[PDB]
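Trainee: Please find one structure pasted underneath; my questions will follow.
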Amino acid sequence: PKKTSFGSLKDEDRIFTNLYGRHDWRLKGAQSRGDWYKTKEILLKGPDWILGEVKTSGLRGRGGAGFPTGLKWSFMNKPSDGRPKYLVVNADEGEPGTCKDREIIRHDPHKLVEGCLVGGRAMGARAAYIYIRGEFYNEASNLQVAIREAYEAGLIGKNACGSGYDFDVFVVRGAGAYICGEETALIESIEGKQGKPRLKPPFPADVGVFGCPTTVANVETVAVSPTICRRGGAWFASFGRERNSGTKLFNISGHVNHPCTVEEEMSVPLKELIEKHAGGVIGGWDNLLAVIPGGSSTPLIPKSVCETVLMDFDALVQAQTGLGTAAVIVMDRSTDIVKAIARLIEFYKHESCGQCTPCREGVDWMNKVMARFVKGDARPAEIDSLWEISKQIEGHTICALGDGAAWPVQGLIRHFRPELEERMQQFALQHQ
Amino acid sequence: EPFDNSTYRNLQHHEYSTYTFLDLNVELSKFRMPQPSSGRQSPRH
Amino acid sequence: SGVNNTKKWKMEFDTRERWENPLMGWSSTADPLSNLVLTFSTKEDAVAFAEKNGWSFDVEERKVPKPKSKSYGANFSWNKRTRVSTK
Amino acid sequence: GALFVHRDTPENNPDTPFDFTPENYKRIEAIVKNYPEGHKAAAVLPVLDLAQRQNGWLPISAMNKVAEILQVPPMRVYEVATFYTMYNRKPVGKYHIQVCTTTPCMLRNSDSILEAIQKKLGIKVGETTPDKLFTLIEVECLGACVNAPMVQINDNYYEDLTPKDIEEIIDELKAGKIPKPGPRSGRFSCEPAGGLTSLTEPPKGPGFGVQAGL
Amino acid sequence: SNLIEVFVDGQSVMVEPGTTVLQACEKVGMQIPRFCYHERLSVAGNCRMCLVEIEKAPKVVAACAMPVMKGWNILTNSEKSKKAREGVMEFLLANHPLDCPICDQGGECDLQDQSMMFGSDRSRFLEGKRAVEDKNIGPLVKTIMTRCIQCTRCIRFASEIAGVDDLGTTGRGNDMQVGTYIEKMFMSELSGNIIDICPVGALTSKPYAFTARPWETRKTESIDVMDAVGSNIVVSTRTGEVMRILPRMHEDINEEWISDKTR
Ligand SMILES: Cc1cc2nc3c(=O)[nH]c(=O)nc-3n(C[C@H](O)[C@H](O)[C@H](O)COP(=O)(O)O)c2cc1C
Ligand code: SF4
Ligand code: SF4
Ligand code: SF4
Ligand code: FES
Ligand code: FES
Ligand SMILES: [K+]
């Protein structure tokens, strides 16, 4: 009744069993990979069965949400209320570090659309609007090949996988705005409006895209669905600890030996994972400065604390960092951390929509004062001010991008304070 | 026939056309189950 | 948009003539009572002052707001036309 | 310039002639068919993308044309044009160079990618080459930070670039030859240099986890 | 009935379901600070100035668009609500150009009076600012877009009320600008109304511009005659002559909007 052997998960347990597209990445080899088999029957068996399978599995918001799959699927099962319920799968993946999903749409796009049809039965809906990013035009065509055969055999559309249920999904391209990855900025892009994040209520279960109920789930939720429903939610939940269980794609990346996309088991000590994933941090963990296993909207953790932490959603936030999409970015001693957040805050400045004020001029302010940090035109008090400023932009924003702006820089203030202290002290010291 | 670990089966990542998405979409228009009527032609209508 | 001024009744009068000064051009007036904006908590107290020193007076009703039925979920809809094109 | 206001340019103003091709006319009919009736304004995003790809950059006369055929107010489709990143409001070169210099990709020494490309072209980041081929603008990642440094060229992005490799592929593009996009190594997408931790054993077949009437 | 009792900051009052928090606050008399919300206009929830902390919650609730629940204590004067108020208020005011003596909104500016009550007493900004190109539309309304706080009230009062597509929000982030992109001249019959809805001097009246200021004017109310409607209006005599016309609120005849030919 225990799984102390956290780690060492093989390809047969990875949800995207062909995440590198080595053998017939399309659905033609996927029906030989397990999915599309016995799929309409579990679909027709029960909408609450579908959420039961995802609840027994227990995937929680691996696309930076921390929300259990069972919870968001269960809020949906309300009977058809005339307005046409849909699904929407966030495939923007524009966060710096989020690239594991970009690989699987090129390699496992079948489970993307198969997860929609089985997941879509859970609310009794009729169609869906997968939002693959504009830079992912190659991904979009790969979905299109996957969806055409699904339409042709009835797997998607009317008679879903041969069950008589009418459920489809239209693949539409993006325009490379990272904000459109927000669960609320996603709505406007689908219905043809500037991607300015909306507010809740109305919730996805209530008015959403086109003013009707529609799930806005990540790549994983549909992608895992064929694997954690037919093969078994208990099979996935067998790996991993309580709540945070199973395996997720790890985006070991950054200045590391072998930056790869590995779907190793989750809820594992982070130490030996990225020590074995990319053959270890390039130059070693000793030469390493700070790995960020959550990605952009996640606090950087200093090298010493990276040596002693588990990467699950619980344990990482115990270390005050986020895990989000498991975008494991590595950055070592040679590069200066203030320069790291320099490019990070610059990305946030170019992705804010300016809808809500605290993010609009706020993310502008972080870049400006941090720009002084990099050269060193500040004072130790100004470090406190930017932390105080980061407190003000925390929470007060419409969406979590402003909150997502705080987490990386806020972690710096608590963790790499002396590194910032020497950064702006040197500028004035040798200026005189 | 069997699984091979040293091929880029997704050569589409390297070869495509200028219009890829929509010529496949006009093919998608074949099934494209009819969408529910909203009554009005648009919010202004 | 502030509202913390429409809460009191006031005693104000009729405006007499305002002839420009032969010099630089100040608005010379001979209406001593014109600059007599008083304050009143309620109209009943307002008329009480008016009748106590009997003065030719008229009434006016307190401008009362109406109920703004606001629903942010309405701003997005499927068969309802209150959908907003830009926030 | 990043000036989001129309300064009534002599050529790219309403006087510009725009015509959807009859092939594109039925193609955009398919775009409209994708979205439900009563909300057909949803096509302001892809039809504008068609209007761009049809005429290289996206002309303003297209922005006026797309307004009426999609029965939307002009200001609305202007908003889509002015926000959604690339959406070139001004004329763009043949190869829309999008240098990914964001933090994970910058940490992998994409800086040398930016400056060497900017230097070998001579032109600064921004304006296009005199032969209207390459126009380089620093942008954030296309979605491949798992991969080594990355640059989006024209409509295609190259991965696993090297401070030496990135020049070679694009001077080939300058000379007309078109190298294939993707990682510029044995890496198909991002496989580890040491080995293949993922997809080493054959994938599972059918018939797994049969829960009674599964 | 279905009326729901809510213990706003103590005192408990019933209210119809679906009613947002502001209507509950003003039901008592709590004038909650707001910029992007006007009574007869769609909700934006953008300024984040009406952020007030609700009891038993780890996050500050956006009172603008949020409906009220079965029993809630609106922490009006709590430190968390005031901290949220202070953070966003200096945020709007940060990039605001230093032209209060120049801008006509002086003395009738929400951004001014709100900072007096709900505001700091100093600054913490050390960097530069952002200046916006002044969009030129109309010989009747003046636009100083550097002063705009992007509350988008103009665009909503345009598309919903005037029913005409005139203004946009071109740009993105700090560089997103309210305007027409391509140059135009917004021309509605009620075009002279966005001047009053504008919380700042971003949009002002050209003829009245640089002519008179609040404390000089002695407002006198009357009705419009240019139309058979008879719109209630406010006259702005300063020293023996009329400066500007304000649309007195009465609902039935004209609400608080008057057409150009009357103002
Ligand atoms: C600032 C921000 C950016 C996001 N960007 C993306 C993105 O690019 N792609 C994506 O799939 N989800 C993105 N998300 C996550 C979505 O908001 C949302 O969690 C998703 O639709 C459902 O995730 P889940 O299925 O893990 O619950 C982002 C979230 C935030 C707060
Ligand atoms: S926080 Fe930023 S991205 Fe989110 S709504 Fe506000 S301005 Fe837009
Ligand atoms: S709008 Fe701006 S410049 Fe004008 S009075 Fe108000 S704060 Fe001052
Ligand atoms: S111009 Fe005025 S009304 Fe319009 S968004 Fe700016 S501040 Fe608001
Ligand atoms: S980091 Fe270079 S592609 Fe996103
Ligand atoms: S007034 Fe409620 S958010 Fe702007
Ligand atoms: K104004």
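Order determines the names: the first chain of the structure tokens is A, the second B, and so forth; residues in each chain are numbered 1 upward, and ligands are numbered 1 upward as they are shown.
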For the interface of chain E with ligand 3 (cut-off 8 Å, counting only C-alpha atoms and all ligand atoms), please tabulate each contacting residue of chain E alongside its nearest pair of atoms and their separation in Å to one decimal, rows sorted by chain and increasing number, as JSON lines.
Mentor:
```
{"residue": "E:93", "atom": "CA", "partner": "ligand 3", "partner_atom_place_in_ligand_line": "7 (S)", "distance": 7.5}
{"residue": "E:96", "atom": "CA", "partner": "ligand 3", "partner_atom_place_in_ligand_line": "2 (Fe)", "distance": 6.4}
{"residue": "E:97", "atom": "CA", "partner": "ligand 3", "partner_atom_place_in_ligand_line": "3 (S)", "distance": 6.5}
{"residue": "E:98", "atom": "CA", "partner": "ligand 3", "partner_atom_place_in_ligand_line": "3 (S)", "distance": 6.1}
{"residue": "E:99", "atom": "CA", "partner": "ligand 3", "partner_atom_place_in_ligand_line": "3 (S)", "distance": 4.3}
{"residue": "E:100", "atom": "CA", "partner": "ligand 3", "partner_atom_place_in_ligand_line": "8 (Fe)", "distance": 3.1}
{"residue": "E:101", "atom": "CA", "partner": "ligand 3", "partner_atom_place_in_ligand_line": "8 (Fe)", "distance": 6.8}
{"residue": "E:102", "atom": "CA", "partner": "ligand 3", "partner_atom_place_in_ligand_line": "3 (S)", "distance": 6.7}
{"residue": "E:103", "atom": "CA", "partner": "ligand 3", "partner_atom_place_in_ligand_line": "4 (Fe)", "distance": 4.1}
{"residue": "E:104", "atom": "CA", "partner": "ligand 3", "partner_atom_place_in_ligand_line": "4 (Fe)", "distance": 5.8}
{"residue": "E:105", "atom": "CA", "partner": "ligand 3", "partner_atom_place_in_ligand_line": "5 (S)", "distance": 4.2}
{"residue": "E:106", "atom": "CA", "partner": "ligand 3", "partner_atom_place_in_ligand_line": "5 (S)", "distance": 3.6}
{"residue": "E:107", "atom": "CA", "partner": "ligand 3", "partner_atom_place_in_ligand_line": "5 (S)", "distance": 6.6}
{"residue": "E:108", "atom": "CA", "partner": "ligand 3", "partner_atom_place_in_ligand_line": "5 (S)", "distance": 7.1}
{"residue": "E:109", "atom": "CA", "partner": "ligand 3", "partner_atom_place_in_ligand_line": "6 (Fe)", "distance": 4.5}
{"residue": "E:110", "atom": "CA", "partner": "ligand 3", "partner_atom_place_in_ligand_line": "6 (Fe)", "distance": 6.7}
{"residue": "E:111", "atom": "CA", "partner": "ligand 3", "partner_atom_place_in_ligand_line": "7 (S)", "distance": 5.2}
{"residue": "E:112", "atom": "CA", "partner": "ligand 3", "partner_atom_place_in_ligand_line": "7 (S)", "distance": 5.0}
{"residue": "E:147", "atom": "CA", "partner": "ligand 3", "partner_atom_place_in_ligand_line": "2 (Fe)", "distance": 5.5}
{"residue": "E:148", "atom": "CA", "partner": "ligand 3", "partner_atom_place_in_ligand_line": "1 (S)", "distance": 7.8}
{"residue": "E:199", "atom": "CA", "partner": "ligand 3", "partner_atom_place_in_ligand_line": "1 (S)", "distance": 7.2}
{"residue": "E:200", "atom": "CA", "partner": "ligand 3", "partner_atom_place_in_ligand_line": "1 (S)", "distance": 3.6}
{"residue": "E:201", "atom": "CA", "partner": "ligand 3", "partner_atom_place_in_ligand_line": "1 (S)", "distance": 4.0}
{"residue": "E:202", "atom": "CA", "partner": "ligand 3", "partner_atom_place_in_ligand_line": "1 (S)", "distance": 6.5}
```
Trainee: Can you write just those residues out, N, CA, C and O atoms, as a CSV table (one decimal), in the first residue's frame?
Mentor:
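Result written to part_29.csv:
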```csv
chain,number,residue,atom,x,y,z
E,93,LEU,N,-1.7,55.8,-11.3
E,93,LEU,CA,-1.1,57.1,-11.2
E,93,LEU,C,0.3,57.1,-11.6
E,93,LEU,O,0.9,58.2,-11.9
E,96,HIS,N,1.0,58.3,-15.1
E,96,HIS,CA,0.1,59.4,-15.4
E,96,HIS,C,1.0,60.7,-15.6
E,96,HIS,O,1.8,61.0,-14.7
E,97,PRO,N,0.9,61.4,-16.8
E,97,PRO,CA,1.7,62.5,-17.0
E,97,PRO,C,1.5,63.7,-16.0
E,97,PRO,O,0.3,63.8,-15.6
E,98,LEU,N,2.5,64.4,-15.7
E,98,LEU,CA,2.4,65.5,-14.7
E,98,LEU,C,1.9,66.8,-15.3
E,98,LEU,O,2.6,67.8,-15.6
E,99,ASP,N,0.6,66.8,-15.6
E,99,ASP,CA,-0.1,68.0,-16.2
E,99,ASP,C,-1.4,68.3,-15.5
E,99,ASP,O,-2.4,68.7,-16.2
E,100,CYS,N,-1.5,68.1,-14.2
E,100,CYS,CA,-2.7,68.5,-13.4
E,100,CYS,C,-3.0,70.0,-13.6
E,100,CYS,O,-4.2,70.4,-13.9
E,101,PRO,N,-2.0,70.9,-13.5
E,101,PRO,CA,-2.3,72.3,-13.8
E,101,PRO,C,-2.7,72.5,-15.2
E,101,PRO,O,-3.4,73.5,-15.5
E,102,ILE,N,-2.2,71.7,-16.2
E,102,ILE,CA,-2.6,71.9,-17.6
E,102,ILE,C,-3.9,71.1,-17.9
E,102,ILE,O,-4.7,71.7,-18.6
E,103,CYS,N,-4.1,69.9,-17.5
E,103,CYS,CA,-5.3,69.1,-17.8
E,103,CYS,C,-6.5,69.8,-17.3
E,103,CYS,O,-6.5,70.3,-16.1
E,104,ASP,N,-7.6,69.8,-18.1
E,104,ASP,CA,-8.8,70.5,-17.7
E,104,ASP,C,-9.6,69.7,-16.6
E,104,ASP,O,-10.5,70.3,-16.0
E,105,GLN,N,-9.2,68.5,-16.3
E,105,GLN,CA,-9.9,67.7,-15.3
E,105,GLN,C,-9.6,68.2,-13.9
E,105,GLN,O,-10.2,67.7,-12.9
E,106,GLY,N,-8.7,69.1,-13.7
E,106,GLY,CA,-8.3,69.6,-12.4
E,106,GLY,C,-9.5,70.2,-11.6
E,106,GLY,O,-10.1,71.1,-12.0
E,107,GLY,N,-9.7,69.6,-10.5
E,107,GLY,CA,-10.9,69.9,-9.6
E,107,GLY,C,-12.1,69.1,-9.9
E,107,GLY,O,-13.0,69.0,-9.1
E,108,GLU,N,-12.2,68.5,-11.1
E,108,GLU,CA,-13.3,67.5,-11.5
E,108,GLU,C,-12.7,66.2,-12.0
E,108,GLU,O,-13.1,65.7,-13.0
E,109,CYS,N,-11.6,65.8,-11.3
E,109,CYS,CA,-10.9,64.6,-11.7
E,109,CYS,C,-11.1,63.5,-10.6
E,109,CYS,O,-10.8,63.7,-9.4
E,110,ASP,N,-11.6,62.3,-11.1
E,110,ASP,CA,-11.7,61.2,-10.1
E,110,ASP,C,-10.3,60.7,-9.7
E,110,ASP,O,-10.1,60.4,-8.5
E,111,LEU,N,-9.3,60.7,-10.6
E,111,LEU,CA,-8.0,60.3,-10.3
E,111,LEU,C,-7.3,61.3,-9.3
E,111,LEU,O,-6.4,60.9,-8.6
E,112,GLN,N,-7.8,62.5,-9.2
E,112,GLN,CA,-7.3,63.5,-8.2
E,112,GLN,C,-8.0,63.2,-6.9
E,112,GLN,O,-7.3,63.0,-5.9
E,147,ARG,N,-2.7,61.0,-20.8
E,147,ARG,CA,-3.5,61.0,-19.5
E,147,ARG,C,-4.4,59.8,-19.3
E,147,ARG,O,-5.0,59.6,-18.3
E,148,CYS,N,-4.6,59.0,-20.4
E,148,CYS,CA,-5.6,58.0,-20.3
E,148,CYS,C,-5.2,56.9,-19.4
E,148,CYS,O,-4.0,56.5,-19.3
E,199,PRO,N,-13.1,59.4,-16.7
E,199,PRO,CA,-12.6,59.8,-15.3
E,199,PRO,C,-11.5,60.7,-15.3
E,199,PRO,O,-11.3,61.4,-14.3
E,200,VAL,N,-10.7,60.8,-16.4
E,200,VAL,CA,-9.5,61.7,-16.4
E,200,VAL,C,-9.7,62.7,-17.5
E,200,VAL,O,-10.7,62.7,-18.3
E,201,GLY,N,-8.7,63.6,-17.7
E,201,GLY,CA,-8.8,64.6,-18.8
E,201,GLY,C,-8.3,64.1,-20.1
E,201,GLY,O,-7.9,64.8,-21.0
E,202,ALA,N,-8.2,62.7,-20.3
E,202,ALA,CA,-7.8,62.1,-21.5
E,202,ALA,C,-8.7,62.6,-22.7
E,202,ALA,O,-8.3,62.8,-23.8
```
Trainee: Which residues come within 8 Å of residue 8 in chain C, counting only C-alpha atoms, excluding same-chain residues fewer than 4 positions away, as an mmCIF file with N, CA, C and O atoms, in the first residue's frame?
Mentor:
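Written out: result_21.cif:
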```cif
data_model
loop_
_atom_site.group_PDB
_atom_site.id
_atom_site.type_symbol
_atom_site.label_atom_id
_atom_site.label_comp_id
_atom_site.auth_asym_id
_atom_site.auth_seq_id
_atom_site.Cartn_x
_atom_site.Cartn_y
_atom_site.Cartn_z
ATOM 1 N N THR C 39 -27.379 74.758 3.995
ATOM 2 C CA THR C 39 -27.354 73.304 4.056
ATOM 3 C C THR C 39 -28.584 72.779 4.789
ATOM 4 O O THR C 39 -29.119 73.431 5.687
ATOM 5 N N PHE C 40 -29.026 71.585 4.394
ATOM 6 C CA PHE C 40 -30.215 70.973 4.974
ATOM 7 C C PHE C 40 -30.077 69.461 4.912
ATOM 8 O O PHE C 40 -29.752 68.914 3.855
ATOM 9 N N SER C 41 -30.325 68.790 6.039
ATOM 10 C CA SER C 41 -30.238 67.333 6.062
ATOM 11 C C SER C 41 -31.419 66.698 5.337
ATOM 12 O O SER C 41 -31.245 65.765 4.545
ATOM 13 N N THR C 42 -32.630 67.185 5.599
ATOM 14 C CA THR C 42 -33.834 66.664 4.970
ATOM 15 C C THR C 42 -34.682 67.820 4.459
ATOM 16 O O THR C 42 -34.601 68.946 4.958
#
```
Trainee: Please report as number ranges by chain which residues of chain D come no farther than 7 Å from chain A, using only C-alpha atoms.
Mentor: D: 34, 39, 41-45, 79-80, 83-85, 102-105, 107-108, 140-147, 189-194, 198-199, 201, 203-210, 214
Trainee: Residues of chain C were defined as contacting chain A if any atom lay at most 12 Å from it, counting only C-alpha atoms; please report them as an mmCIF file with N, CA and C atoms, in the first residue's frame.
Mentor:
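Output contents, as saved in part.cif:
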```
data_model
loop_
_atom_site.group_PDB
_atom_site.id
_atom_site.type_symbol
_atom_site.label_atom_id
_atom_site.label_comp_id
_atom_site.auth_asym_id
_atom_site.auth_seq_id
_atom_site.Cartn_x
_atom_site.Cartn_y
_atom_site.Cartn_z
ATOM 1 N N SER C 71 -24.963 42.060 -14.753
ATOM 2 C CA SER C 71 -24.522 40.669 -14.797
ATOM 3 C C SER C 71 -23.336 40.598 -15.746
ATOM 4 N N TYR C 72 -22.141 40.369 -15.199
ATOM 5 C CA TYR C 72 -20.963 40.301 -16.055
ATOM 6 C C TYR C 72 -21.008 39.060 -16.935
ATOM 7 N N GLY C 73 -21.696 38.011 -16.479
ATOM 8 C CA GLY C 73 -21.909 36.843 -17.310
ATOM 9 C C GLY C 73 -22.813 37.098 -18.496
ATOM 10 N N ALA C 74 -23.661 38.126 -18.420
ATOM 11 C CA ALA C 74 -24.482 38.492 -19.569
ATOM 12 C C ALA C 74 -23.632 38.994 -20.727
ATOM 13 N N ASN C 75 -22.574 39.759 -20.435
ATOM 14 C CA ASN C 75 -21.731 40.361 -21.464
ATOM 15 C C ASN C 75 -21.187 39.350 -22.465
ATOM 16 N N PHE C 76 -21.279 38.058 -22.168
ATOM 17 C CA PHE C 76 -20.940 36.994 -23.099
ATOM 18 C C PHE C 76 -22.116 36.033 -23.156
ATOM 19 N N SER C 77 -22.550 35.687 -24.364
ATOM 20 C CA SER C 77 -23.785 34.929 -24.504
ATOM 21 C C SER C 77 -23.777 34.176 -25.826
ATOM 22 N N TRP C 78 -24.759 33.290 -25.972
ATOM 23 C CA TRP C 78 -24.936 32.472 -27.165
ATOM 24 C C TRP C 78 -26.160 32.857 -27.980
ATOM 25 N N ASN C 79 -27.310 33.054 -27.333
ATOM 26 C CA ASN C 79 -28.524 33.500 -28.010
ATOM 27 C C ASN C 79 -29.017 34.841 -27.479
ATOM 28 N N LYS C 80 -28.198 35.536 -26.697
ATOM 29 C CA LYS C 80 -28.534 36.850 -26.177
ATOM 30 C C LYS C 80 -27.645 37.898 -26.830
ATOM 31 N N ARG C 81 -28.234 39.057 -27.114
ATOM 32 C CA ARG C 81 -27.567 40.082 -27.902
ATOM 33 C C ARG C 81 -26.752 41.056 -27.065
ATOM 34 N N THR C 82 -26.754 40.911 -25.741
ATOM 35 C CA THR C 82 -25.961 41.801 -24.904
ATOM 36 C C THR C 82 -24.480 41.446 -24.892
ATOM 37 N N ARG C 83 -24.028 40.576 -25.794
ATOM 38 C CA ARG C 83 -22.605 40.288 -25.911
ATOM 39 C C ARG C 83 -21.845 41.544 -26.316
ATOM 40 N N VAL C 84 -20.711 41.779 -25.660
ATOM 41 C CA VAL C 84 -19.901 42.971 -25.874
ATOM 42 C C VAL C 84 -18.719 42.609 -26.764
ATOM 43 N N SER C 85 -18.479 43.437 -27.781
ATOM 44 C CA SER C 85 -17.423 43.155 -28.746
ATOM 45 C C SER C 85 -16.033 43.459 -28.201
ATOM 46 N N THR C 86 -15.894 44.485 -27.362
ATOM 47 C CA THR C 86 -14.608 44.820 -26.765
ATOM 48 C C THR C 86 -14.816 45.264 -25.326
ATOM 49 N N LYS C 87 -13.987 44.729 -24.434
ATOM 50 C CA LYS C 87 -14.048 45.087 -23.022
ATOM 51 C C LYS C 87 -13.564 46.516 -22.801
#
```
Trainee: For chain A against chain E, which residues fall within 9 Å using only C-alpha atoms, given as number ranges by chain?
Mentor: A: 199-201, 349-365, 368-369, 385, 389, 391-393, 395-398
Trainee: Store the residues of this selection in a file with N, CA and C atoms, as a CSV table (one decimal), in the first residue's frame.
Mentor:
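And here's part30.csv as it stands now:
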```csv
chain,number,residue,atom,x,y,z
A,199,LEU,N,-13.3,37.0,-16.5
A,199,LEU,CA,-13.5,36.8,-15.1
A,199,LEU,C,-14.4,35.7,-14.8
A,200,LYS,N,-14.4,35.2,-13.6
A,200,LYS,CA,-15.2,34.1,-13.1
A,200,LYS,C,-16.0,34.5,-11.9
A,201,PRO,N,-17.3,34.4,-11.9
A,201,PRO,CA,-18.2,33.9,-13.0
A,201,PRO,C,-18.4,34.8,-14.1
A,349,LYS,N,6.7,41.3,-20.1
A,349,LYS,CA,6.3,42.7,-20.6
A,349,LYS,C,5.7,42.6,-22.0
A,350,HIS,N,6.3,41.7,-22.9
A,350,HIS,CA,5.8,41.6,-24.2
A,350,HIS,C,4.6,40.7,-24.4
A,351,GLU,N,4.1,40.1,-23.3
A,351,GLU,CA,3.0,39.2,-23.4
A,351,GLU,C,1.8,39.7,-22.6
A,352,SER,N,1.9,40.7,-21.7
A,352,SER,CA,0.8,41.3,-21.0
A,352,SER,C,-0.1,42.0,-22.0
A,353,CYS,N,-1.4,41.9,-21.9
A,353,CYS,CA,-2.4,42.5,-22.7
A,353,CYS,C,-2.7,43.9,-22.3
A,354,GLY,N,-2.4,44.3,-21.0
A,354,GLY,CA,-2.8,45.6,-20.5
A,354,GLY,C,-4.2,45.8,-20.1
A,355,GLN,N,-5.0,44.7,-20.0
A,355,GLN,CA,-6.4,44.8,-19.7
A,355,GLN,C,-6.5,45.3,-18.2
A,356,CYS,N,-6.0,44.5,-17.3
A,356,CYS,CA,-6.1,44.9,-15.9
A,356,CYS,C,-4.8,45.8,-15.6
A,357,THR,N,-5.0,46.8,-14.8
A,357,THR,CA,-3.9,47.8,-14.5
A,357,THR,C,-2.7,47.2,-13.8
A,358,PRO,N,-2.9,46.4,-12.7
A,358,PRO,CA,-1.7,46.0,-12.0
A,358,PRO,C,-0.7,45.2,-12.8
A,359,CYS,N,-1.1,44.5,-13.8
A,359,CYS,CA,-0.2,43.8,-14.7
A,359,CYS,C,0.3,44.8,-15.8
A,360,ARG,N,-0.5,45.7,-16.3
A,360,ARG,CA,-0.1,46.5,-17.5
A,360,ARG,C,1.1,47.3,-17.2
A,361,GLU,N,1.0,48.3,-16.3
A,361,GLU,CA,2.1,49.1,-15.9
A,361,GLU,C,2.9,48.5,-14.8
A,362,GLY,N,2.4,47.5,-14.1
A,362,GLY,CA,3.2,46.8,-13.1
A,362,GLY,C,4.4,46.0,-13.8
A,363,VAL,N,4.1,45.1,-14.7
A,363,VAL,CA,5.1,44.4,-15.4
A,363,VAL,C,6.1,45.3,-16.1
A,364,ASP,N,5.6,46.5,-16.5
A,364,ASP,CA,6.5,47.5,-17.1
A,364,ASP,C,7.4,47.9,-16.0
A,365,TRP,N,6.9,48.1,-14.7
A,365,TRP,CA,7.8,48.6,-13.7
A,365,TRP,C,8.8,47.6,-13.3
A,368,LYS,N,11.7,47.8,-15.6
A,368,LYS,CA,12.5,49.1,-15.5
A,368,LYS,C,13.4,49.0,-14.3
A,369,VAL,N,12.9,48.7,-13.1
A,369,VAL,CA,13.8,48.7,-11.9
A,369,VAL,C,14.8,47.6,-12.0
A,385,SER,N,11.9,47.4,-2.2
A,385,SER,CA,10.8,48.1,-2.9
A,385,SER,C,10.2,47.2,-4.0
A,389,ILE,N,6.7,46.0,-4.4
A,389,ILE,CA,6.0,46.1,-5.6
A,389,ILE,C,5.4,44.7,-6.1
A,391,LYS,N,4.6,42.4,-4.3
A,391,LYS,CA,3.5,42.1,-3.4
A,391,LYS,C,2.2,42.7,-3.9
A,392,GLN,N,2.3,43.9,-4.4
A,392,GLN,CA,1.2,44.7,-4.9
A,392,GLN,C,0.6,44.0,-6.2
A,393,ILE,N,1.4,43.6,-7.1
A,393,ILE,CA,0.9,42.9,-8.3
A,393,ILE,C,0.5,41.5,-8.0
A,395,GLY,N,-2.0,38.8,-6.9
A,395,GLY,CA,-3.4,38.6,-6.7
A,395,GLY,C,-4.4,39.6,-7.2
A,396,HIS,N,-3.9,40.9,-7.3
A,396,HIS,CA,-4.8,42.0,-7.6
A,396,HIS,C,-5.2,42.0,-9.1
A,397,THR,N,-4.5,41.1,-9.9
A,397,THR,CA,-4.7,41.1,-11.3
A,397,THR,C,-5.9,40.3,-11.7
A,398,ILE,N,-6.5,40.5,-12.8
A,398,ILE,CA,-7.7,39.8,-13.3
A,398,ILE,C,-7.3,38.3,-13.4
```
Trainee: Got a sec to tell me which of chain B DSSP assigns to helix (DSSP H, G or I), as a ChimeraX atom specification?
Mentor: /B:11-13,20-28
Trainee: Go through chain C and flag each residue having an atom no more than 7 Å from chain E; for those, report the closest pair of atoms plus their distance in Å to one decimal, using only C-alpha atoms, ordered by chain and rising number, as a tab-separated table.
Mentor:
```
residue	atom	partner	partner_atom	distance
C:1	CA	E:110	CA	6.8
C:18	CA	E:240	CA	5.8
C:27	CA	E:239	CA	6.0
C:63	CA	E:250	CA	7.0
C:68	CA	E:39	CA	6.4
C:70	CA	E:19	CA	6.7
C:72	CA	E:65	CA	5.5
C:87	CA	E:44	CA	6.0
```
Trainee: With only C-alpha atoms considered, list every residue of chain D at most 9 Å from chain B, as a PyMOL selection string.
Mentor: chain D and resi 26-31+33-41+50+53+71+155-156+179-182+186-189+196+199-203
Trainee: As a list in words, which residues of range 8-173 of chain D does DSSP assign to strand (DSSP E)?
Mentor: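 Filtering range 8-173 of chain D down to strand (DSSP E) leaves residues 95, 96, 97, 98, 99, 100, 134, 135, 136, 137, 138, 139, 151, 152, 153, 156, 157, 158 and 159 of chain D.
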Trainee: Using only C-alpha atoms, which residues sit within 12 Å of residue 1 in chain A once same-chain residues fewer than 4 positions away are excluded, as a PDB file with C-alpha atoms, in the first residue's frame?
Mentor:
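Result file follows (result.pdb):
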```
ATOM      1  CA  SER A   5      10.127   3.614  -5.034  1.00  0.00           C
ATOM      2  CA  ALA A 237      -2.382   6.451  -9.748  1.00  0.00           C
ATOM      3  CA  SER A 238      -0.211   3.457  -8.824  1.00  0.00           C
ATOM      4  CA  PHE A 239       2.796   5.609  -9.669  1.00  0.00           C
ATOM      5  CA  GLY A 240       3.241   8.712  -7.533  1.00  0.00           C
ATOM      6  CA  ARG A 241       2.141   9.683  -4.043  1.00  0.00           C
ATOM      7  CA  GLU A 242      -1.246  10.843  -2.752  1.00  0.00           C
TER       8      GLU A 242
END
```
